[PDB]
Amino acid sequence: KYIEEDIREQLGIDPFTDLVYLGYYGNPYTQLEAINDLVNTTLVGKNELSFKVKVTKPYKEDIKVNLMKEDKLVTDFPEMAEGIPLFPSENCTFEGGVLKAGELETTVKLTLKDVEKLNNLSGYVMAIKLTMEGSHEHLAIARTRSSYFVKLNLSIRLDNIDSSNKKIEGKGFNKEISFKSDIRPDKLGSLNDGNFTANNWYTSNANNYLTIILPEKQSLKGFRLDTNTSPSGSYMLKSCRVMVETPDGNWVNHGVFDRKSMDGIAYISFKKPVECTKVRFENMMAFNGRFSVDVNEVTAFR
């Protein structure tokens, strides 16, 4: 059986106390992601955190275990909590667990509720410690592996990208548009030639991007990105993050494009048209799941 080296040392110095502790790989730290649309904060993913609670040897009776918010532990961890507010206690809901007589593991749940108005961009931080309800003989919470740290990272993202893939009803153009990219810059001339079905430019990883540079500030309705027509979805654009450079020079995430219709013409539409100087597509994923997409032609709409 696998036993962690730190609690194996405790069992060596005192083999007459079964230890109850937190089961986790690596460090006791989870960075949760949330997004704000200048109205409400939303968690990216599940709002529940399930923690494994282990006991070193099967115990004679049931052990009730639970987590609690001990904010004092954040003070001795200043690397992550330097000037970051505490996650409010009222927004935590702790569900207990029971290591039933004979069992070696159980789970304890931390549920984050009503985060909507928690809009601090610095994020929030919190510390939690494992506890036992009653008094059990020759049983204790381990010295180490008894506390955990959670950071809620917050970032702005508007819900201004429509992924319906419906044809854009605007006035199309691309002669005056210029393009910049970190990969294959020499092949960007194909993005505004006459050809919609031939490929020259494509991404090779999630860190590649494609920037659309307009001649001047102008209100755009969306874009038509011609992509691959593979039946398997290889190199066919499925999803991407749409960054927009505003007139003051700040870059804002207008949302995630993530279509459900498979074809060679991707229509990325702004729910509310936006005045911008540049638009940058990032984290471009194909329908086959690989981060490599074809862009055969780019057309903007006013």
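The first residue of the shown sequence is 1; numbering continues from there.
Look at the mean CA B-factor for 259-267 and for 25-33 in the entry; the higher one is 25-33.
As recorded in the PDB entry, 81-89 is the stretch of 81-89 and 171-179 with the greater mean C-alpha temperature factor. Each of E133, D162, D193, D226 has a CA temperature factor in the record; the biggest one is found at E133. Residues shown: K238, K272, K69, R241. Highest C-alpha temperature factor in the entry: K69. The PDB entry assigns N208 a C-alpha temperature factor belonging to the middle third of its chain's modelled residues. In this PDB entry, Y202 carries a Cα temperature factor that places it within the lowest third of its chain's modelled residues. Sort the modelled residues of the chain by CA B factor and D14 lands in the middle third. In the deposited entry, the Cα temperature factor of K113 places it in the highest third of its chain's modelled residues. Residue-level temperature factors show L121 in the highest third of its chain, judged at the C-alpha atom.
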